[PDB]
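Visitor: Sending over a structure as structure tokens; questions will come in a sec.
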Amino acid sequence: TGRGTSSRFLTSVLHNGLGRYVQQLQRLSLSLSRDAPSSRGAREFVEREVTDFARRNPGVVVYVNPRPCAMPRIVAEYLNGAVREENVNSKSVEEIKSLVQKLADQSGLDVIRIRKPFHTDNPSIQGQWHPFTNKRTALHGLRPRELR
Amino acid sequence: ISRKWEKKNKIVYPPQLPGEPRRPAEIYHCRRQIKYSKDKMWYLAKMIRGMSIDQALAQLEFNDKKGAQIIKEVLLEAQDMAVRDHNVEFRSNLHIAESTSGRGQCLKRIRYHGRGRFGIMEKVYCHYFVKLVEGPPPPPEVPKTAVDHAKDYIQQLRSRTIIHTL
Amino acid sequence: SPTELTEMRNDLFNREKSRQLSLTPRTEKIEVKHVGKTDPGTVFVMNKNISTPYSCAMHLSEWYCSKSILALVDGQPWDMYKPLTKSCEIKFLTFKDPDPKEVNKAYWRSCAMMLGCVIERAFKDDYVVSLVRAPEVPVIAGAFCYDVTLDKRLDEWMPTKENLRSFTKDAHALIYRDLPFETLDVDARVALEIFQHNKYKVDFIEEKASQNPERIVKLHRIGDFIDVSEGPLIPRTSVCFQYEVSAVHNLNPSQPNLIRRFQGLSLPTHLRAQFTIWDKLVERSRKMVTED
Amino acid sequence: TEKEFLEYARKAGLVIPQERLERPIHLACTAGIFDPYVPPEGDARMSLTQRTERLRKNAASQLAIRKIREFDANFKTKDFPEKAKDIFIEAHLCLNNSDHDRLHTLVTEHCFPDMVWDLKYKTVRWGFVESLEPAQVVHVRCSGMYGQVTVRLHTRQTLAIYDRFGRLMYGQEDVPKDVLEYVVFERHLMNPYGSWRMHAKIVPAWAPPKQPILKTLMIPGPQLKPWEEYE
Amino acid sequence: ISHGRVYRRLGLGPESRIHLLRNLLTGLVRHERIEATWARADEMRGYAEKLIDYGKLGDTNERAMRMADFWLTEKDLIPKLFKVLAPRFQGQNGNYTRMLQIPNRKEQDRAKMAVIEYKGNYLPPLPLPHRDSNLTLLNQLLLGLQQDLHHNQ
Amino acid sequence: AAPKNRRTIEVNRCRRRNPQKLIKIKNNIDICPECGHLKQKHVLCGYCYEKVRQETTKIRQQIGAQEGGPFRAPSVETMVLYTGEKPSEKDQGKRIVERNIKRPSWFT
Amino acid sequence: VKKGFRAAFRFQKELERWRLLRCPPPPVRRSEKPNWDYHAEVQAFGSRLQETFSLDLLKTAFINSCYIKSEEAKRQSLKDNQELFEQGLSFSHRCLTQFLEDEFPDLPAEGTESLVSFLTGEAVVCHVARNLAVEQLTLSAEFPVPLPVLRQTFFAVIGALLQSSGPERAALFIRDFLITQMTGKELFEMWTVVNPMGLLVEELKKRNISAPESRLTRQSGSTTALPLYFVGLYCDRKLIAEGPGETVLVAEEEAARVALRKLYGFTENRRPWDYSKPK
RNA sequence: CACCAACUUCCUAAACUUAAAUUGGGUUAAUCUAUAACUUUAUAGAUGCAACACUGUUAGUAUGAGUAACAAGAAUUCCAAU
Ligand SMILES: [Mg+2]
Ligand SMILES: [Mg+2]
Ligand SMILES: [Mg+2]
Ligand SMILES: [Mg+2]
Ligand SMILES: [Mg+2]
Ligand SMILES: [Mg+2]
Ligand SMILES: [Mg+2]
Ligand SMILES: [Mg+2]
Ligand SMILES: [Mg+2]
Ligand SMILES: [Mg+2]
Ligand SMILES: [Mg+2]
Ligand SMILES: [Zn+2]
């Protein structure tokens, strides 16, 4: 699947930690049903957890739109423009709360094989090794067997 | 059965702005259920690809194959419905952009054999499609020069990176 | 600087064309009938002052475009790219016609014109090159001759074989570029302005204007190069396949101003010649041929 | 399908006797004009005027007008131009959007095929510039029962046709052109749901040539077999 | 392994090959313009000319008469060969027959064809190839060279 | 001998699209000077040739009517005359074939 | 013809992907899509950046002249951000210039201006602007928002930030976002100079230093088609800098590039910019 | 006078210690019914309830392969002809 899938390098959105850390999660939208067993767990989440989550993360606009529905759906929008939707059908409040916290912490970057664990824009401070390093020069720069 | 090459001839584009480049014309013509093999027909279709219509109507005329006459007929219908019903100013301002042959519906019959045995015979048909685009034939492919070949090798080396490390 | 001369002439040429086109408003259909042997009786409705004889060939087939060099409008030879003016009869002339007299002359003038373009830009900017004219010589003469005056500083220098070879390479480069000839009819007043610097060109313009009742003059442009044309020329340079500047001979009676006759040979793609035949004709062209 | 059947019966052979239709077909209009009014030479020179001539010619059409009163009683010759003007402008506008349904109501079954048939897979841009002169009723004729009304219309218009690919053929992007034409408006006096629609346009012999098409055309020559020879 | 074997292999064998050529030749000697597949027409061309050679010998010669019988199935043509074909060709010593390649057959067999005739026939002239006139560009240049050389000679 | 494995379309596409199996383009096509129809340089023009053969059939049909029998070939020279033409003195004693149509331009 | 409605339903969505993905629709502004309230999103924008904003001022920043004209025409058939744009751009240019001068006082004024223009260019500004959700909240007649309009809104945001919170907080925003982009980028990518050797001579004269001497420090496979030469400029027999190149001229030209950085202190091993200062 | 070498072992997070006839356990895909939910969901009741393999059955299409093999005596004035 590694050869059968795409890959990228470790990256950030806008150099998140260089200056001020900006929360990547932008918006969460949850649709619920008044009378539906499957959305019962999500109804508990709105009763108690949603208010706490909204204050804890004030950069995430939260939309709750109860409607006659068959599957509750959470749609996550990140600042880079990436969208992500996860089905919450018949999940308890504990599962949703844990699930939502993952969305807030993650960034919009694609979840695919990351080629290298590390990233540097200035890997070398003393100068990238080139073949002529550690090679002694000769008087007048005479190449081997040159008479001059 | 699926006749979509026939419908594409009816697409209507929106009017152009005063300085937009003049859109080249496209024509879509074909003939179905031809009593000929699709494999045999391909050689005729492949030959004409990338040629004008007065340069593809000359090579066909002196070919011995049966399909040469069949293709020539649909290269003359296309050359007439382009000038009358698709607004092509000049008959000699066309070129065969695409041309290929497709399988048709066949018939199953019995080919007899020598010991009370037999085999299944298929009477083969095919279709043949052509698109004509208004404009002189795009200039042919120019082989890569020795300098161009050398440049790619250098470009390939320049892209080299230190692998599996910081 | 010579670059300045080319630019102003080019600009003058464009202005003359622009006024002529703007001068003609709307589209007026004109009847033109095919009078040739094959495909007889075809009638084209064409746009006045905009349509060209090449368009007439385009309707018929690609063969006419490829193999037609000139057209007989009402019994007169007309350039293939020269716009039509009024209802007339059109006959296309190939090289292999039984009576190719007109085609041969058109090709003849054409080749010597491309020769003139090569010469002027071949010299170094330090020296001075001026084009006087090319005498009309019968095709039987065995080569086409363009007379070019040279700076006094070059009076003691004659081009060597290497110099002659260089000219053909430039000539072939023009042929490879495949630059169509542009046909323009210009009144003497404008023509004098474009070639006022060249006294000989001015005199030639006066002769052409005097001949006709009006002051109409024939101007042909090969890309950058602009010059007066004695007769209708070939539509394209690519029509030439074999080209060679045989030799250049100083004119003996040139005491006031030294003039050198530049003599060359060319054959169209249609009438290509074998290697051995080409050499013999090339050798003949080296002999200096006078104008009768 | 009948297209498949038509090939079958031609290959197989068949005696297809025609039948007397049990229910007659319904005709809401009749091709042509019962009495075509010959246009008068110099009608453009009249730059009242024709209306006075129409009054003299009304006596010829007086019988037709009376028939309209019997079945309509609201038709007015004086007020018809304005109503007719509305139909003409409204109908041509539909072309812009190619609203077939609107056209059917505005134009007759004879008029509709002419306007639309040649404009399939083609975009037509048409507007109405101010009319040069007021419209008048040239002539009216009733035969049967069908009543036909001819209206003189001189109005400035702008039209530009385009290909499927959006390229421009015929007309001009936007330039006012003065056009004088005679339009025939007819209604079915018998049908309760009938109304006045656009049937046909009379064309005079003294009409100037229309705008020439942009592209050049080849009128082909005779195709001759080896037997034949040209002359 | 068929080097120097001038003859072809036609028909059902050697004798059949002789009898198919006798039919094309008799048709030619009768009509003076006959069509056949290029291979068979070319095979006959040698036989067609040699009849005129025997015809030139004359009626009196026994060998000419005997040969003119085996090679003319219809017997109303021996008088013609001797009395009109032979007199025509007395001036010439060769090139009795003109052979040209007609386009391929439009039969679904698509075989190469040729039309063979006798020179000076009464039938409409064949559309022969025409070489370019001396006035053409290339042709005219050569003529100028010829004139120059003729003066030099 | 029977195949031991099915051959893949990639291998099949390599064999039947090889340059050796393609149609080689013809470079000897030209335009007939008289009629303008296409011809090969080393071959006669079918359109022009068809005119000659069509006239030949008509002339031969006329000859057949006159002779009226299998073994009636005349030893004397043949000749064809068209309407408006009379035999010359040099043409005396030559069979004459009469054609209603005028003398064709190609016929001399 | 099998039983059930569900199998068709899953496939109907499969048809949905095929049509949408093969023939995607034109982009539509997030406003037209569901789950949009303007005021709530504007509030989150300030909170996300952690900077307190004047909501009324921020609203005016997103407004653009083009949007107003389109709305008025529709009404026939609300104040622009121009003032904020002028203030925002003026402060940013001064702020960007001040930051660069302190970090690289030796760098010539021409070098600083090119960096200021680069960091204020559309490519840098728009890329940061888009990822900050400026475009989503932006009010423009034409969508997707053109870069020059989007760049104006980004400067308008800075102008609104300046008025609400003053210069000090506004200065942080430039450093936190605009200045970060230059990480990794070397001087000559941001600033384009075609005559480094010529400029190097000028700088040395300004420093009262003699013209450099170019010498071949190292050589590799010169005659081959892949030669490497190290060209090092020497002043008074002292190596000011070294450079690698495919040819001596390229090595000589590049060697000038190295020296100019040295003088200007843009060597990549320079002390990293201090983005982490609390003040 | 050592280095390399296997999830053996250690380490950050975890885990809690070994081919297959057979044997025990917890869940799940599809569809119908009850009662609901209402873009395709829930708890129960049910059953023709899940196939990369039986020289499986039916249909379709490849490969061998455009291959093996198949056919009309000649000319003309020409296919109810000489
Ligand atoms: Mg049996
Ligand atoms: Mg098979
Ligand atoms: Mg051999
Ligand atoms: Mg041999
Ligand atoms: Mg273990
Ligand atoms: Mg089962
Ligand atoms: Mg299966
Ligand atoms: Mg099975
Ligand atoms: Mg196959
Ligand atoms: Mg084989
Ligand atoms: Mg065989
Ligand atoms: Zn011909």
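Here, A, B, ... name the chains of the structure tokens in the order displayed, residue numbers run from 1 inside each chain, and ligands are numbered from 1 in the same displayed order.
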Give the strand (DSSP E) residues of range 99-140 of chain E, as DSSP finds them on the backbone, and put them as a ChimeraX atom specification.
Guide: /E:99-100,113-118
Visitor: As an NGL selection string, please: every residue in range 31-134 of chain E that a backbone DSSP assignment puts in helix (DSSP H, G or I).
Guide: :E and (31 or 38-57 or 62-70 or 78-88)
Visitor: Neighbouring residues of ligand 7 are defined here as those with any atom at most 12 Å from a ligand atom, counting only C-alpha atoms (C1' of nucleotides) and all ligand atoms; list them as a list in words.
Guide: residues 50, 51, 52, 53 and 56 of chain H
Visitor: Report as a list in words all protein, DNA and RNA residues lying within 8 Å of range 216-229 of chain D, evaluated on only C-alpha atoms (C1' of nucleotides), omitting residues in the same chain fewer than 6 positions from it.
Guide: residues 89 of chain B; 39, 40, 41, 42, 43, 44, 45, 46, 47 and 59 of chain C; 47, 48, 50, 51 and 54 of chain F
Visitor: Hey, what's within 10 Å of range 88-90 of chain D if we count only C-alpha atoms (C1' of nucleotides) and toss same-chain stuff fewer than 3 positions away? As a PyMOL selection string, please?
Guide: chain D and resi 82-85+93-95+102-103+106-107+126-128+153+183+185+197-198
Visitor: Please check which protein, DNA or RNA residues sit within 7 Å of ligand 12, counting only C-alpha atoms (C1' of nucleotides) and all ligand atoms, and write them as a compact mmCIF listing (two decimals) with N, CA, C and O atoms, in the first residue's frame.
Guide:
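Saved to selection-v9.txt:
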```txt
# COMPACT_ATOMS: atom_id res chain seq x y z
N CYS F 32 -3.92 14.11 -62.62
CA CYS F 32 -3.90 14.01 -64.07
C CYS F 32 -4.04 15.40 -64.69
O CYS F 32 -4.96 16.14 -64.31
N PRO F 33 -3.17 15.80 -65.62
CA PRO F 33 -3.28 17.16 -66.18
C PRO F 33 -4.62 17.45 -66.83
O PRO F 33 -5.13 18.57 -66.70
N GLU F 34 -5.21 16.48 -67.53
CA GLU F 34 -6.41 16.76 -68.31
C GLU F 34 -7.66 16.83 -67.43
O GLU F 34 -8.34 17.86 -67.38
N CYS F 35 -7.97 15.74 -66.72
CA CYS F 35 -9.20 15.66 -65.95
C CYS F 35 -9.04 16.08 -64.50
O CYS F 35 -10.03 16.49 -63.88
N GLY F 36 -7.83 16.01 -63.95
CA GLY F 36 -7.60 16.38 -62.57
C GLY F 36 -7.82 15.28 -61.56
O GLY F 36 -7.62 15.51 -60.36
N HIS F 37 -8.25 14.10 -61.99
CA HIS F 37 -8.40 12.98 -61.08
C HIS F 37 -7.04 12.37 -60.76
O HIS F 37 -6.05 12.60 -61.46
N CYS F 45 -4.33 6.93 -66.12
CA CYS F 45 -5.45 7.51 -65.39
C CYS F 45 -6.72 6.75 -65.72
O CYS F 45 -7.11 6.66 -66.89
N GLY F 46 -7.37 6.19 -64.70
CA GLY F 46 -8.58 5.43 -64.93
C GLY F 46 -9.68 6.27 -65.56
O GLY F 46 -10.37 5.81 -66.48
N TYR F 47 -9.86 7.50 -65.08
CA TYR F 47 -10.91 8.36 -65.62
C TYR F 47 -10.70 8.61 -67.11
O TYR F 47 -11.63 8.46 -67.91
N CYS F 48 -9.49 9.01 -67.49
CA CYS F 48 -9.20 9.20 -68.91
C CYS F 48 -9.24 7.88 -69.67
O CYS F 48 -9.77 7.81 -70.78
```
Visitor: Near range 5-11 of chain B, within 9 Å and counting only C-alpha atoms (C1' of nucleotides), which residues show up once chain neighbours fewer than 5 positions away are dropped, as a short mmCIF file (atom, residue, chain, number, x, y, z; two decimals) with C-alpha atoms, in the first residue's frame?
Guide:
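Generated output (part_12.cif):
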```cif
data_model
loop_
_atom_site.label_atom_id
_atom_site.label_comp_id
_atom_site.auth_asym_id
_atom_site.auth_seq_id
_atom_site.Cartn_x
_atom_site.Cartn_y
_atom_site.Cartn_z
CA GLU B 26 -15.07 19.70 -35.06
CA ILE B 27 -17.13 17.09 -36.91
CA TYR B 28 -18.23 13.66 -35.69
CA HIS B 29 -19.15 11.01 -38.26
CA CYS B 30 -19.18 7.22 -38.27
CA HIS B 86 -21.09 22.95 -39.43
CA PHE B 129 -15.38 6.61 -36.16
CA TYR D 121 -27.79 24.54 -32.97
CA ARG D 164 -22.28 26.33 -32.63
CA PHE D 165 -18.72 27.27 -31.66
#
```
Visitor: Neighbours of ligand 2 at 8 Å or closer, counting only C-alpha atoms (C1' of nucleotides) and all ligand atoms: which residues, as number ranges by chain?
Guide: B: 119-122
Visitor: In Å, with one decimal, what is the gap from CA of residue 126 in chain G to CA of residue 154 in chain G?
Guide: 7.9 Å
Visitor: Which residues come within 12 Å of residue 53 in chain D, counting only C-alpha atoms (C1' of nucleotides), excluding same-chain residues fewer than 3 positions away, as a list in words?
Guide: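 Residues near the query, excluding close chain neighbours: residues 39, 40, 43, 46, 48, 49, 50, 56, 57, 58, 59, 60, 136, 137, 138 and 139 of chain D.
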Visitor: Check every residue of chain E for an atom within 12 Å of chain B, counting only C-alpha atoms, and provide those that qualify as a PyMOL selection string.
Guide: chain E and resi 103-112
Visitor: Please, what distance in Å, to one decimal, runs between CA of residue 30 in chain A and CA of residue 64 in chain A?
Guide: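 It comes out at 5.0 Å.
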Visitor: Within 8 Å of chain F, which residues belong to chain E? Use only C-alpha atoms and report them as a ChimeraX atom specification.
Guide: /E:30,74-77,79-81,83-84,100-103,122-129
